[PDB]
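Data first, discussion second: the structure below is written as structure tokens.
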Amino acid sequence: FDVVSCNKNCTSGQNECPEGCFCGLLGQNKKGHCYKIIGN
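Here the sequence shown is numbered in the deposited numbering, starting from 17 and rising by one per residue.
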């Protein structure tokens with residue numbers, strides 16, 4: 017497991033990322049940044 021950013025800003029109630037990426041948003045308080053999981 018390595019984690020990298022996917023260079024996209026996400027918002028609470030929307031969670032916009034490009035497909036294959038997801039956002040580790042902090043309990044859906046306000047906003048976060050999208051990540052990609054790569055590994056085994």
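Even for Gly, the Cβ is constructed at its ideal location relative to N, Cα and C.
Within the same chain, and ignoring the five residues on either side of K47 in sequence, the residues whose Cβ sits closer than 6 Å to its Cβ are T27. DSSP, reduced to helix, strand and coil, places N25 within a strand of the structure shown. In the three-state DSSP reduction, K47 falls in the strand class (E or B). For the options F17, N31, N23, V19, the alpha carbon positioned closest to that of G43 is the one of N31. Secondary structure of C39 (DSSP, three-state): strand.
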